[PDB]
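Student: Take a look at this one; I'll ask things after.
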Amino acid sequence: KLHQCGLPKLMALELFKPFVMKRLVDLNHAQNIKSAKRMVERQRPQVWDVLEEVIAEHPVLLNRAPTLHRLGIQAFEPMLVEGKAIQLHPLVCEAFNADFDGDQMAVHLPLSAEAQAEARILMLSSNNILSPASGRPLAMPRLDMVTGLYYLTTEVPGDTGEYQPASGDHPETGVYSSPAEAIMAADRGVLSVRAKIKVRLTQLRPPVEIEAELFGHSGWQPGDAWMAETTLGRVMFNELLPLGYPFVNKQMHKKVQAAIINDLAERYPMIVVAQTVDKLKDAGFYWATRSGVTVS
Amino acid sequence: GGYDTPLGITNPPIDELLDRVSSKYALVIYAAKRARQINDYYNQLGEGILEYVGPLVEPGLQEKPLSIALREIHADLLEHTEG
Amino acid sequence: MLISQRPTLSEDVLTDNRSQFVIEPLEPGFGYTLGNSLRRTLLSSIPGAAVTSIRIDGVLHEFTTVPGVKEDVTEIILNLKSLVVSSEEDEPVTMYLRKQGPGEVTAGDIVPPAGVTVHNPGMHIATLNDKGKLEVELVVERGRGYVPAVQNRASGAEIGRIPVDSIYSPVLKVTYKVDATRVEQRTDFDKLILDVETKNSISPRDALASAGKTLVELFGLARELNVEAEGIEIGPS
Amino acid sequence: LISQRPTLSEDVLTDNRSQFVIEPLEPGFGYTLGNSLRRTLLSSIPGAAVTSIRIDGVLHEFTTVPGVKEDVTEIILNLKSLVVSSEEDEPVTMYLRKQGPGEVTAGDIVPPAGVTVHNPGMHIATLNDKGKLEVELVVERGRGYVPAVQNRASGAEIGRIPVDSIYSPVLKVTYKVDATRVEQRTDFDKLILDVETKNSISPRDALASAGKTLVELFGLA
Amino acid sequence: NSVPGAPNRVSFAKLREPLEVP
Amino acid sequence: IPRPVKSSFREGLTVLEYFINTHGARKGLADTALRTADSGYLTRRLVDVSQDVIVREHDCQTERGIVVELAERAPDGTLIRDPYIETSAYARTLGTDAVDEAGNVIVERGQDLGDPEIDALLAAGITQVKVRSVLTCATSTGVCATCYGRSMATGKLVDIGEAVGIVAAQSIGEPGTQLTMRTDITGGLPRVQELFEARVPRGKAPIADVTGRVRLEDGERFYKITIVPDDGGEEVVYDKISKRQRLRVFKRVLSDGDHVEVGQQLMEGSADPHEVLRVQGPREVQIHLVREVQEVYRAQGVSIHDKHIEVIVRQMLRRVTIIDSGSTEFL
Amino acid sequence: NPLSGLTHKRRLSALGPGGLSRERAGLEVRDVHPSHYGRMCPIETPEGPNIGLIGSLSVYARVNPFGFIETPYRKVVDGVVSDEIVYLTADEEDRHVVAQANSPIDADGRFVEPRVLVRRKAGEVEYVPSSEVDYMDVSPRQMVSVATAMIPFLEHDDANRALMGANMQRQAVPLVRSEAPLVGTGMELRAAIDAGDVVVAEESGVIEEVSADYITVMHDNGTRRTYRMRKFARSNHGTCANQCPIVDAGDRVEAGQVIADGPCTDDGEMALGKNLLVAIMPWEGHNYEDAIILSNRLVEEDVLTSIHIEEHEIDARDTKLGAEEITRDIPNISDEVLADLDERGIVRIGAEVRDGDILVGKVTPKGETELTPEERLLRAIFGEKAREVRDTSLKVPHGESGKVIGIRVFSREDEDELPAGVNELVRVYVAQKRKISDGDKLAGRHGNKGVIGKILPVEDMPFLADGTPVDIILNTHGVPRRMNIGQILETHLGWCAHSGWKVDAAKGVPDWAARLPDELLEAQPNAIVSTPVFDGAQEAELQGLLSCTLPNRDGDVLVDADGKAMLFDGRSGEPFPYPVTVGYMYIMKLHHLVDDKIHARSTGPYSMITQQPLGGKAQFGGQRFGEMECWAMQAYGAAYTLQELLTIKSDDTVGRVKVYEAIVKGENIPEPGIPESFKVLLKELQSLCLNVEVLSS
Amino acid sequence: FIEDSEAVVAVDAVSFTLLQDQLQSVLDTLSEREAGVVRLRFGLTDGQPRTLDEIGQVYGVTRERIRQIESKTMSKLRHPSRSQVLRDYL
Amino acid sequence: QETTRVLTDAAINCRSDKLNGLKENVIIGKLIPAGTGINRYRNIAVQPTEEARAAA
Ligand SMILES: [Mg+2]
Ligand SMILES: [Zn+2]
């Protein structure tokens with residue numbers, strides 16, 4: 001998640017070494033401190049189990065060099081991962097200006113109560129989403145994720161399973177009672193993800209014009225039902241955004257996503273922004289794999 | 001208030017914390033001084049009851065004192081006065 | 001050999017019918033091996049009944065709207081499409097819904113024959129105005145998974161009968177993911193998380209149970225191939 | 001409703017590799033099942049492979065044996081392509097004592113009772129007139145890739161040369177479907193898996209162990 | 001080429017380089 | 001190079017063409033390294049200058065403030081949005097109110113002035129709002145909060161402890177590196193550096209001193225321009241203006257007898273901030289500096305809000321010079 | 001790797017005594033003046049702050065006695081190109097006029113078209129009539145260095161990424177298997193037989209005894225000679241230097257033949273990496289922004305695996321108090337840890353040492369020092385005496401495990417000429433077989449570097465219709481914006497060279513191969529091919545070859561004419577809805593391994609004059625929390641953390657021990673104090689006679 | 001780049017404090033005569049190591065009795081119960 | 001920069017710095033007057049509210 005980060009075990013056993021020492025003295029695995037130091041230094045089987053306990057909910061500032069601007073230092077909750085390479089969340093690469101051609105980062109460790117409060121409150125990644133300069137988001141899904149979301153929300157005329165109102169011989173064969181039925185018809189090879197269809201939504205807020213048309217003033221969505229001619233991809237995309245946010249129904253160019261996240265950060269609390277950005281990241285990667293963007 | 005449940009270093013949500021105090025700097029010092037009170041409560045508990053009254057809310061199995069501090073700040077168990 | 005860690009299914013109940021199962025710790029990387037198979041089994045292996053086709057009086061080729069009512073044809077169709085119904089008689093049985101006078105027709109108006117049943121009679125389906133009489137015939141059979149709108153094999157044997165899609169499966173939406181629980185003492189096992197959402201025909205617990213049964217079948221045939229075979233046998237504990 | 005429950009049919013193409021057809025599977029289920037049996041076969045078929053060698057002359061892996069043309073590490077790599085099937089589930093030591101001029105074919109390994117060397121003519125090394133090679137391989141049962149056990153963690157003298165083991169009889173597996181899925185909706189999937197084992201075991205036995213493992217893990221649910 | 005035990009590596013050279021590499 | 005390269009990298013280049021490409025790319029790499037090195041120096045200086053701009057008071061309670069262009073008028077007549085509003089109008093707090101056609105108030109004093117209220121303003125049909133700024137905050141040591149407006153990182157109002165000077169310096173000197181040059185006006189990072197250093201421009205160009213028509217003359221191999229006063233008595237004569245320059249074009253080229261402004265630029269180019277200060281006061285030089293730096297940063301398409309540059313410029317225009325000692329202590 | 005050897009030679013460096021420093025370097029000295037063509041490679045230069053100051057000689061360049069870089073050209077006379085190679089310096093290059101080697105010579109020395117590409121004095125390029133040309137280039141790829149001439153399809157790559165490819169082709173590590181590149185140039189053989197890391201048969205003969213250490217060649221006329229290998233010899237950067245023979249006991253060799261491969265070689269052709277199957281889809285975000293994923297096959301079958309031999313060294317220097325004795329016994333060292341040490345003090349060849357083991361046991365005299373009352377009590381109660389002679393044994397550095405290949409002991413008694421004061425200097429060569437790991441840096445030959453994001457298991461890897469899993473998965477978004485589609489062509493040709501093609505010339509050779517040499521009309525699987533640099537495979541040739549591959553074992557053309565294939569998702573199961581590019585790309589393992597980079601410190605050594613933590617991985621040291629990071633955390637407003645990192649983690653001398661004690665005892669971290677860089681300053685200012693004082697009021 | 005091989009090892013100082021505490025507790029397990037003889041014999045009260053004659057003088061007995069109490073106490077502390085606790089510090 | 005000149009002139013004039021910038025207070029190691037260092041935030045008092053304290 002945006003707040004978490006990786007931390008190689010062979011590097012969290014030699015940063016927190018005092019904490020793990022105290023903890024596995026308190027649990028009666030060592031007679032005293034010296035035994036704990038030797039045991040930890042020899043990576044004895046039960047040091048790791050204590051290490052998870054001393055790590056949980058304890059920030060670790062992850063700095064990059066050059067620290068060009070204010071977001072060069074950010075505080076992440078460590079998550080013990082194997083290997084020997086710090087696993088960094090991909091949505092802070094824009095702030096750190098960190099490609100993965102072999103960049104290195106420095107993990108620091110706040111100690112005092114004030115310092116860990118500072119990290120947990122001020123410098124935690126989820127809170128510092130927006131940039132200091134112009135207020136545009138820097139956790140915006142970039143590069144690969146944007147291609148995924150584009151391919152997810154783009155619309156292909158003449159695709160498999162469109163809505164055509166042709167009649168006389170057979171009905172429209174475009175309506176779908178629910179996005180659940182639409183997903184089932186997509187798993188079967190009937191519906192393409194990018195065909196124009198008419199779904200009947202009950203958990204998504206229609207755009208302003210349709211809300212003022214069908215409900216006028218106070219259409220509350222969790223119960224109300226309304227039809228829409230959209231693609232399945234856009235329904236699946238707007239399921240990522242929160243409930244209060246209206247339906248979008250566009251083609252997710254990078255600027256459109258910038259505007260969406262800017263609005264969603266200007267009007268909603270920060271935790272909602274962080275969770276929505278994480279969901280967009282997940283969907284973007286999953287549908288970037290399927291987009292078939294190759295070079296030959 | 002609709003959002004997915006916070007997990008880990010983001011519980012309680014900071015936006016619900018900020019409504020209790022003026023600015024986030026006050027929130028930081030507020031949480032930190034309470035956390036020092038709580039840590040002292042644990043340590044001073046060895047001796048007689050001092051001016052350190054610790055977790056007003058029930059803590060977890062093994063929970064860091066600062067998380068206890070912030071969780072009480074959210075639940076409105078503490079008050080503060082600025083300089 | 002010994003699994004070395006016995007997986008354990010535990011569910012979080014969210015709504016009356018919406019469940020979140022967790023199956024930890026699956027050895028690496030069996031999470032996906034069984035997650036995707038379980039997803040497909042849930043969606044396409046539980047028998048159930050649904051509406052195959054309907055026919056309606058007063059409409060022959062004006063498939064836009066029905067006279068005497070308010071709602072148009074396709075709205076009636078995709079209201080009927082989301083109709084939970086259980087059956088035992090394998091042959092397509094017919095059901096009749098019919099009412100005169102203005103008012104709101106629900107799911108309880110329909111009169112079922114022996115064996116078939118409706119699990120949400122308090123469902124809105126349509127509205128009638130000005131002494132209209134609606135009379136629609138449903139063709140309900142039982143099936144598996146999801147079938148498209150089956151094109152009418154006959155041309156005009158039933159001129160009024162128009163086909164519809166049929167969502168048979170009692171489960172509606174199943175999604176899943178994996179995690180990386182306990183990398184160090186355990187060497188990075190996995191944890192499968194499901195999210196199953198069914199209609200009010202069966203509980204998600206029974207859905208998962210039936211999926212487990214059907215999935216046991218085939219791999220059990222594979223085992224019968226050579227009963228004397230050695231694999232990762234979970235140690236009863 | 002489909003009244004034919006899925007059935008399996010063996011179809012041998014060679015002794016080592018073989019195709020298995022499962023039909024009639026529910027529509028949109030073949031790919032997943034082919035993948036299940038593949039991810040099982042290719043990962044968790046119990047097998048047996050050498051674990052540690054103890055060449056008489058040398059003391060560490062990074063060196064040479066007087067007479068052999070292949071430095072010790074090349075002998076390690078050549079041996080790691082051996083395919084031995086063991087019946088006992090405890091370490092069993094096999095020996096090899098080639099002498100003088102000639103190639104040390106793995107067919108010269110004298111196997112202990114309960115194991116057998118399947119690929120005879122493997123070229124472990126070549127020996128000149130001064131050639132003398134006396135290796136003592138250790139076989140052991142298991143699954144997957146186990147990194148070379150540390151000579152410190154395990155009780156071992158300096159002579160022991162730890163060797164990575166790869167306990168998996170399977171070599172290559174593919175799946176494909178021939179779903180008809182006609183307009184009449186009488187749709188079905190016809191899975192055609194193709195297993196290829198490394199002659200340690202047969203594809204049938206591999207698929208059967210696959211069935212056992214997956215049946216257990218799905219009976220859990 | 002021009003080295004006794006040369007891996008027989010087929011070249012796509014449309015041209016023909018006169019001077020050897022020094 | 002006038003050859004030029006005529007092959008795509010799919011078709012595969014020939015030898016000489018690749019040689020020329022190497023010219024270009026190697027020079028580019030060396031230049032990028034040096035440019036990063038220089039961006040470092042600019043950031044250090046800006047941080048040094050604006051280390052003491054920290055938000056002290058909630059509200060200075062001043063009434064002065066800049067004006068914002070805010071969707072200039074169309075010739076046919078509409079409200080065409082000014083493209084660079086997000087850098088120049090958002091995240092600001094009004095000092096005055098929005099009233100139009102003797103109508104009602106639209107946005108009251110001291111509002112964050114986000115997107116919906118800007119849309120309301122453009123719907124009601126006004127073009128200029130007098131908004132606060134860190135240039136005219138009346139607090140003694142550093143800015144107040146409401147002058148700084150919305151903190152661009154939070155989305156809420158700035159706190160009372162922020163070191164907005166350091167944030168401004170970092171946000172200005174961060175997006176250097178990726179700041180190229182062009183094909184004798186300096187037009188890149190050195191231009192920004194000479195602006196902040198308040199140098200006399202490399203391509204110094206004349207600026208008017210008083211309105212009136214122009215006395216234009218093409219002298220021997222270069223020009224001769226003078227301003228006809230309307231009450232400025234002595235005529236200001238600009239003699240040594242070279243033939244290599246060009247006259248300023250605006251709206252048409254500068255023609256003889258055309259009416260110039262008080263500080264109209266004579267030659268298309270750039271002007272020295274010292275002179276425009278001495279002529280048109282502090283306000284004008286603040287606007288000139290902000291516009292001139294943001295012209296460079298818009299040219300590269302980097303979004304920087306103006307309040308950072310305003311923090312730095314406010315740090316520039318602090319002191320005053322003593323021309324008369326009075327009788328007290330001042331040399 | 002051998003290439004890095006042959007390229008550290010042939011290096012031109014302008015930054016020498018008698019030249020210019022990296023600060024007095026006029027920016028006009030780093031540009032490729034048009035006289036560099038054929039005298040210095042414009043591509044290969046270090047990409048650090050040295051671009052243009054360090055380059056490398058061309059392939060054909062030759063240095064004049066006077067020291068001017070001559071260059072060979074072909075003399076064209078009367079419109080007749082001859083074979084009389086003539087060498088020219090830059091001045092005569094300016095005087096005369098130079099043609100191109102890829103020109104239509106009509107098999108008689110005669111040009112064909114009168115309008116010919118040519119170079120004039122000032123670097124100008126002009127279409128001269130074909131009568132005034134008096135010199136023509138000896139061949140293409142004359143402008144280019146040695147290392148850059150080994151990049152196939154170079155002419156398609158941009159100069160930036162080709163520069164990177166050349167600078168990383170010298171950083172590969174010698175693997176344990178060393179597979180020759182499936183697609184290469186002509187410079188893989190001539191760059192090994194001349195790099196010196198391949199034994200060469202001096203004079204013709206027949207081999208008699210081929211053993212892993214010695215080859216005995218029987219030079220025809222009576223004489224015999226024993227070439228000796230260097231099995232597992234440490235290089236100057238810790239890498240292996242094995243030399244195994246390739247001949248058999250009955251083979252006849254000729255003079256100038258490759259007789260034994262080196263570290264990076266296979267049959268005599270420079271081979272720095274392995275031919276890995278590659279697909280170019282973006283997969284699940286693990287190959288995001290240059291990251292690379294791998295099969296677990298690469299780790300398991302030991303495809304990518306480098307041996308690193310490290311050297312440790314301890315000297316038994318004399319001291320005033322006494323003599324330091326390398327002896328088994330050590331004051332507190334128990335027999336458990338002592339187990340490895342044999343008797344002299346050195347480990348035994350083969351003991352698996354780990355961070356903290358006693359490689360060499362040396363004990364240093366200390367003399368009588370006071371024992372704290374508490375320590376005396378414990379020593380007496382537990383019955384342990386003092387043995388004042390203190391312990392300073394060598395211990396394997398942190399994270400430097402492995403076997404002990406060999407121990408070399410130098411001693412004064414053996415008359416070994418150790419520096420004065422050293423009675424004994426022992427060097428222990430530990431060594432480890434490092435395998436590929438998350439964070440290791442892999443790169444192709446085209447500048448397309450990247451770390452290993454994740455080593456996936458073999459079953460969750462996109463496999464073909466045949467069931468063959470792909471081995472790495474690069475990203476797509478890195479290809480078009482970096483202008484290095486060489487890797488794509490190399491990919492396609494790679495597949496063609498693996499499956500083998502058969503030019504469908506039944507109806508006569510298609511125009512697609514009308515200009516292709518003979519015995520390319522058909523090829524065998526795993527058949528080696530080469531494209532010279534600037535006369536390589538015309539794109540049309542690749543298209544046709546890619547559409548003319550023979551099926552693997554069944555009737556199955558896996559890769560269609562477009563060059564793409566239908567991959568099945570190994571994880572989910574469903575086929576990918578769009579065909580994907582697959583092929584065989586030759587990729588290397590760079591020497592930027594994680595184990596050399598990961599570092600951590602809680603409390604370690606301290607500097608001397610100032611009391612800051614020390615610096616560098618050789619010591620523990622910390623990371624410089626420099627000025628810009630101080631600005632960053634001033635901008636956040638984090639004051640307490642800044643106070644921490646600048647007082648009680650670096651300098652507050654009395655504060656560090658209090659912090660450690662309070663952490664262990666579980667108490668609030670103490671309030672920090674004045675550092676030790678605002679007191680040295682105070683005493684200096686009270687030492688330059690400037691009374692600097694602090695008065696609160 | 002010169003490690004000062006005389007600096008406070010951080011862990012060594014805290015370890016010495018812990019040793020002081022643990023030893024004090026263990027000695028407090030000894031009887032009053034026993035605790036006194038040990039502390040005085042090894043100077044745990046002032047840093048001055050008192051010898052047998054001084055200890056016998058301040059307790060008003062003969063030095064042979066002091067040495068016997070000394071040997072008895074040492075043997076008692078050698079018992080693993082109060083010994084293994086302090087082994088690690090050595 | 002120009003350390004010699006700055007120090008000598010400051011000495012000549014008996015200059016008195018007040019340690020109030022965010023650069024002078026990063027040298028002598030005390031708490032910087034910005035963010036959580038200013039006395040409006042560094043001297044806040046945290047106490048359990050009387051109601052919860054009574055419930056405790
Ligand atoms: Mg980088
Ligand atoms: Zn103000």
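Ordering of the structure tokens sets the chain letters (A, B, ...); residue numbers start at 1 within each chain; ligands are numbered from 1 in the order shown.
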At a cut-off of 8 Å around ligand 2, and using only C-alpha atoms and all ligand atoms, what residues come up? Please write them as number ranges by chain.

Tutor: F: 57, 59-62, 132-134, 136-139, 143-148

Student: Env of residue I:53: 12 Å cut, atoms = only C-alpha atoms, seq-sep filter 4 positions within chain, self excluded. Answer as a list in words.

Tutor: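 Returned residues: residues 51, 52, 53, 54, 55, 56, 57, 76, 77, 78 and 79 of chain B; 47, 48 and 49 of chain I.
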
Student: Residues near residue G:272, anyone? I mean within 12 Å using only C-alpha atoms, not counting same-chain ones fewer than 3 positions away, as a PyMOL selection string.

Tutor: chain G and resi 1-4+147+150+168-182+184+188+191-192+262-266+269+275+304-306+442-445+586-591

Student: Please measure the separation of atom CA of residue G:628 and atom CA of residue F:47, giving the value in Å to one decimal.

Tutor: 10.0 Å

Student: Please identify all protein, DNA and RNA residues within 12 Å of ligand 1, counting only C-alpha atoms and all ligand atoms, and report them as a list in words.

Tutor: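 Counting only C-alpha atoms and all ligand atoms, the residues within 12 Å of ligand 1 come out as residues 64, 65, 66, 93, 96, 97, 98, 99, 100, 101, 102, 103, 104 and 105 of chain A; 289, 290, 291, 441, 449, 450 and 451 of chain G.
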
Student: Give me, as a list in words, the residues of stretch 27-104 of chain F that a backbone DSSP run labels helix (DSSP H, G or I).

Tutor: residues 27, 28, 29, 30, 31, 32, 33, 34, 35, 36, 37, 38, 39, 40, 41, 42, 43, 44, 45, 46, 47, 48, 49, 83, 84 and 85 of chain F

Student: Per residue of chain H within 12 Å of chain A, note the shortest atom pair and the distance in Å to one decimal, counting only C-alpha atoms, and order the rows by chain and increasing residue number, as a tab-separated table.

Tutor:
residue	atom	partner	partner_atom	distance
H:10	CA	A:18	CA	10.7
H:11	CA	A:34	CA	8.5
H:12	CA	A:34	CA	9.0
H:13	CA	A:34	CA	11.4
H:14	CA	A:33	CA	8.8
H:15	CA	A:33	CA	6.7
H:16	CA	A:34	CA	10.0
H:17	CA	A:33	CA	10.7
H:18	CA	A:33	CA	7.9
H:19	CA	A:32	CA	9.1
H:21	CA	A:32	CA	11.3
H:22	CA	A:32	CA	9.3
H:82	CA	A:31	CA	11.8
H:83	CA	A:31	CA	11.3
H:84	CA	A:31	CA	8.3
H:85	CA	A:31	CA	6.4
H:86	CA	A:32	CA	8.5
H:87	CA	A:31	CA	9.5
H:88	CA	A:34	CA	6.1
H:89	CA	A:34	CA	6.5
H:90	CA	A:34	CA	9.4

Student: Write a file of the just-selected residues containing N, CA and C atoms, as a short mmCIF file (atom, residue, chain, number, x, y, z; two decimals), in the first residue's frame.

Tutor:
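Heads up, here's the output in part.cif:
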data_model
loop_
_atom_site.label_atom_id
_atom_site.label_comp_id
_atom_site.auth_asym_id
_atom_site.auth_seq_id
_atom_site.Cartn_x
_atom_site.Cartn_y
_atom_site.Cartn_z
N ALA H 10 28.86 1.74 23.66
CA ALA H 10 27.41 1.83 23.83
C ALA H 10 26.86 0.57 24.47
N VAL H 11 26.95 -0.56 23.78
CA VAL H 11 26.44 -1.81 24.34
C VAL H 11 27.30 -2.26 25.52
N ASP H 12 28.60 -1.97 25.48
CA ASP H 12 29.47 -2.37 26.58
C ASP H 12 29.10 -1.63 27.87
N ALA H 13 28.82 -0.33 27.77
CA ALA H 13 28.49 0.45 28.96
C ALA H 13 27.19 -0.02 29.59
N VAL H 14 26.14 -0.15 28.77
CA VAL H 14 24.87 -0.63 29.30
C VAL H 14 25.03 -2.05 29.84
N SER H 15 25.82 -2.88 29.17
CA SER H 15 26.05 -4.23 29.67
C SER H 15 26.72 -4.19 31.04
N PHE H 16 27.66 -3.27 31.24
CA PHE H 16 28.30 -3.17 32.55
C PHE H 16 27.30 -2.73 33.61
N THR H 17 26.40 -1.81 33.27
CA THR H 17 25.37 -1.41 34.23
C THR H 17 24.49 -2.61 34.60
N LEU H 18 24.08 -3.39 33.60
CA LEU H 18 23.27 -4.56 33.87
C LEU H 18 24.02 -5.57 34.73
N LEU H 19 25.32 -5.73 34.47
CA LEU H 19 26.13 -6.63 35.28
C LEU H 19 26.16 -6.17 36.72
N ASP H 21 23.89 -4.49 38.29
CA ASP H 21 22.59 -4.78 38.90
C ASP H 21 22.45 -6.27 39.24
N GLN H 22 22.74 -7.14 38.27
CA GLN H 22 22.54 -8.57 38.47
C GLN H 22 23.44 -9.09 39.58
N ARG H 82 22.78 -19.29 40.81
CA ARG H 82 23.17 -17.88 40.79
C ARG H 82 24.38 -17.63 39.91
N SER H 83 24.84 -18.64 39.17
CA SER H 83 26.02 -18.53 38.32
C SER H 83 25.66 -18.28 36.87
N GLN H 84 24.81 -19.13 36.28
CA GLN H 84 24.49 -19.01 34.86
C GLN H 84 23.93 -17.63 34.53
N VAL H 85 23.34 -16.95 35.52
CA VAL H 85 22.83 -15.61 35.28
C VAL H 85 23.95 -14.66 34.90
N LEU H 86 25.12 -14.79 35.53
CA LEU H 86 26.23 -13.88 35.32
C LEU H 86 27.28 -14.40 34.34
N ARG H 87 27.09 -15.60 33.79
CA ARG H 87 28.10 -16.16 32.89
C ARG H 87 28.27 -15.31 31.65
N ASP H 88 27.17 -14.79 31.10
CA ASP H 88 27.22 -14.14 29.80
C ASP H 88 28.09 -12.90 29.83
N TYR H 89 28.10 -12.18 30.95
CA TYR H 89 28.89 -10.95 31.02
C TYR H 89 30.37 -11.24 30.80
N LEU H 90 30.84 -12.41 31.21
CA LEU H 90 32.20 -12.83 30.91
C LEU H 90 32.27 -13.44 29.52
#

Student: Could you find all residues in chain I that DSSP calls strand (DSSP E) from the backbone, and write them as a list in words?

Tutor: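 So, restricting chain I to strand (DSSP E), we get residues 45, 46, 47 and 48 of chain I.
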
Student: Using only C-alpha atoms, please write the residues we just selected to a file, as a JSON list (two decimals), in the first residue's frame.

Tutor:
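Saved as out.json:
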[["chain", "number", "residue", "atom", "x", "y", "z"],
["I", 45, "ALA", "CA", 0.32, 20.79, 27.84],
["I", 46, "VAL", "CA", -1.28, 17.35, 27.46],
["I", 47, "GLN", "CA", -3.53, 16.15, 30.26],
["I", 48, "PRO", "CA", -6.32, 13.56, 30.53]]

Student: Pick out the chain D residues within 6 Å of chain G. Count only C-alpha atoms. Give them as a list in words.

Tutor: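 Every residue of chain D that passes the 6 Å test is in residues 31, 32, 35, 39, 59, 60, 67, 68, 69, 70, 71, 158, 173 and 174 of chain D.
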
Student: Closest to residue G:645 among G:241, G:633, G:41, G:117, using only C-alpha atoms?

Tutor: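 When distances to residue G:645 are compared using only C-alpha atoms, the smallest one comes from G:633.
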
Student: Excluding residue H:1 and any residue of its chain fewer than 2 positions from it, enumerate the residues within 7 Å of it, using only C-alpha atoms, and give them as a PDB file with C-alpha atoms, in the first residue's frame.

Tutor:
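To be explicit, this is the file written out as selection.pdb:
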ATOM      1  CA  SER G 607      35.846   9.287  13.614  1.00  0.00           C
ATOM      2  CA  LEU G 614      32.627   6.943  10.256  1.00  0.00           C
TER       3      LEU G 614
ATOM      4  CA  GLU H   3      38.264   4.586  13.983  1.00  0.00           C
TER       5      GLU H   3
END

Student: Once you count only C-alpha atoms, which residues of chain B turn out to be within 7 Å of chain A? Could you give them as number ranges by chain?

Tutor: B: 3, 8-9, 13, 15, 28-29, 31-32, 35-36, 66
